[PDB]
Amino acid sequence: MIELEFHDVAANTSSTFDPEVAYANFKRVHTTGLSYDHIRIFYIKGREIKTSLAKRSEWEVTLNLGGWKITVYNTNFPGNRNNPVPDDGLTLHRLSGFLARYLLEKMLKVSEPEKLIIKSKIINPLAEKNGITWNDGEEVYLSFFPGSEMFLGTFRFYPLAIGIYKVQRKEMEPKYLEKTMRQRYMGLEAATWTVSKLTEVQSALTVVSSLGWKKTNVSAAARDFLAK
Amino acid sequence: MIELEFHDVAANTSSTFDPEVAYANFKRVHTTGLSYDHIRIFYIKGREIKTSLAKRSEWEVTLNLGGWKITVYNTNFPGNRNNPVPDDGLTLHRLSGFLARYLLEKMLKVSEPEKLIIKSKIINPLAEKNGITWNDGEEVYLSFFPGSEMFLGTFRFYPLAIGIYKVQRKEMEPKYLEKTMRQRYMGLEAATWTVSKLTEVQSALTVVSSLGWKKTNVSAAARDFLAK
Amino acid sequence: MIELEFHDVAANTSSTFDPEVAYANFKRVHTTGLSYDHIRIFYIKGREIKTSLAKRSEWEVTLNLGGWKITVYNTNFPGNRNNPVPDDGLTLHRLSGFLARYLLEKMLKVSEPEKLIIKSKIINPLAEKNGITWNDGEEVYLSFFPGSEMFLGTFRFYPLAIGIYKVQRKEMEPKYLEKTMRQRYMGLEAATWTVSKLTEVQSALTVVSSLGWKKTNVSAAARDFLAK
């Protein structure tokens, strides 16, 4: 006689990481060659990179984002999700966030013409679809990237505010905002900032609800001609 | 000289049972400890329970649906299908139906807040995939379970109506509706209710074609925060 | 270890054709049965033909524009765009342009009463929406058709002028005027006519900005009665 037991559904993936420390490791190791051409490549083909990782079976995959090259923990393969990725890991998710943190810093530590190189080249699919483009503010724009949610202190609650903005107009499910609520704003953890800095997340939501900008590029005689 | 004979294909499994009486036996024996946590466990892992029974070779298997425990005639093993399971038997199929009858009664004999405990906990994979969730009506929702087809009087032709709804949009094969046509609506048998209560099955089909609802759950500070 | 590369966005479809020669081929092969009833049919249902081609998966589709029948390279299906269509090809786009060239010639080589048969029957959706109708000049009217842009010598820069007129009041994106800049005015290529014949495109823009006319048709006793 065989007896065999069955149970309840998951609680989704929680923070099984230190985000500020994982962003450190990324920043230290990877951003050494990394440039705006390589970064835009990651965002643009963000669609395809997510698919191609979910295609492949291997646990350690490299992305060749132009010449720049990153090692990514593939958690996107079916089999591979629910195998804990280290405290220092990169995933598609974390990596996207990490590039977005890298940039939100960049956008607030670099020259206004260097920032225009950022603003032309980097194209954010999630941001662009919901209107938002660079002009609306860098901090707003960058938080549409997934993985931004790990760190809410930098962006000042715009990842959560966006999260909240998608759910209340029925676009994203409540449950992915469980992962967000299990992240830090500064060094404060889940429950504390939840009410302490409620009014932050309110103003941040108010802001990101409206905003929109748009841009175009490419050819050279055509560019010039057309302008007049 | 050896002579040896060959023949035609089956007629599929027919009612080799009394369904109202098999549901009695279930109800009497099993629903004595059985609770909404145990029930949801059966539905949720309905996917895995079907697989795990089809894996195992043994003819009598027990399911440990939380603490609650049921003895199931395994007919799901390859070898084991086409060995008649008694008139009082439980199979995966019958059992699922039997839990769904148990509930359709429950949903119409229990308090509206107790019904909300049902409506949160029990998640029906077959119902959820084709949209349907509790709000659309209990009787509709429960008939997506297989084994519901044994008893058409309780649900009022929704098992057959669903059956019919899957076949006409090419999702299920005609032949599983041969088993359904060999079941009872009330105490009437196959042929009689087929035309007598044709207009029942029509209105029932009309109903179950549209319907959809959805729900989400889990965390506690996150729940509260998110709500506003 | 799998390594896999990602890159930058397209440059849009460029002239992968000879337009004057593709219009030749069209003119030779197709305009042999083609009549004003068939032509108007193409324009009128220009809306639906674009949709129906983008619906279908097949690479060679025929349009049955009344009795008249044309073979069109379907580049409008999702899958099918970015598969080069020959130097002699017809696409929805090219074809529309080609009918518009056919006509702009017709409108300047046919009798003024035959031109009135053209002017009643052919209805140009893109032209009509932005006011323009036949009276404003044939050359103006016909250039609203897409595919007109391939040949700028015939119309005398009205396709580009219109293009420019849509972009500067925010109606069309800059990038479709990259395709236009990669076409010929007479036999001159992109860069040369860009500045050489700048003042052509200026006067042409000045013209097409204002213009509007309108018409009505159908019934017979009603027509007559109403007139008085």
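Residues numbered from 1 in each chain as written, not as in the entry; some residues may be left out. Chains lettered and ligands numbered in written order. Part of a larger assembly, values for the part shown. Heavy atoms only, no water.

For this deposited structure, the header cites cryo-EM as the method used and 13 Å as the resolution.

The name recorded for chain A in the PDB entry is Nucleoprotein, from Bunyamwera virus. As recorded in the PDB, the entry bears the title "Helical arrangement of Bunyamwera virus nucleocapsid protein within a native ribonucleoprotein". Here is the UniProt Function (literature references left out) comment for chain A, exactly as written: "Encapsidates the genome protecting it from nucleases. The encapsidated genomic RNA is termed the nucleocapsid (NC) and serves as template for transcription and replication (Probable). The NC have a helical organization. Seems to participate in the nuclear relocalization of host PABP1, thereby inhibiting host cellular translation." Quoted verbatim from the Subcellular location heading of the UniProt record, the comment on chain A is "Virion". (UniProt positions renumbered as here; feature names shortened; annotations may be inferred.)

**Quick look at the interface of chain A and chain B**
A common way to state how big an interface is: give the accessible area lost once the parts meet. Contact with chain A, which involves 20 residues of that partner, is made by 29 residues of chain B. Taken together, the connections running from chain A to chain B amount to two salt bridges. At the surface where chain A touches chain B, the tally comes to nine residue pairs in polar contact. Those elements that place two or more of their residues in the side of chain A that touches chain B are β1 (2-6), α8 (158-167), α9 (176-180) and α11 (198-208) of chain A. With five residues, the single largest contributor to the side of chain A that touches chain B is β1(A). (Contact = heavy atoms within 4.5 Å. Salt bridge = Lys/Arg side-chain N within 4 Å of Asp/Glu carboxyl O. Polar contact = N/O pair within 3.5 Å; in protein donor to acceptor, adjacent residues only side chain to side chain. Helix = DSSP H or I, 4+ residues; strand = E, 2+ residues; numbered from the N terminus.)

**Regarding the sheet that holds strand β3 (residues 68-73) of chain A**
What links the strands of a sheet is backbone hydrogen bonding, and the strands pair in either a parallel or an antiparallel sense. Strand order in this open sheet of three strands is β3(A)-β2(A)-β1(C), and the pairing throughout is mixed. Looking at strand neighbours, the two that pair on one side only are β3 of chain A together with β1 (2-6) of chain C, the edges of this open sheet. The sheet shows a mean angle of 25° between the axes of neighbouring strands, direction not considered. Note that strand β2 (residues 60-65) of chain A and β1(C) share five bridges and pair parallel. (Pairing = 2+ DSSP bridges. Axes fitted to C-alpha atoms, helices over the stretch in contact; angles between N-to-C directions.)

**Some thoughts on the side chain of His93(C)**
All names here are of chain C. Positionally, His93 belongs in helix α4 (residues 92-106). Residue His93 is classed as buried on the basis of its relative accessible area of 14%. Those residues in contact with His93 that lie beyond four places of it in its chain are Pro146, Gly147, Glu149, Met150, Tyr176 and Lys179. (Buried < 20%, exposed > 50% of the residue type's maximum accessible area, 1.4 Å probe, protein only.)

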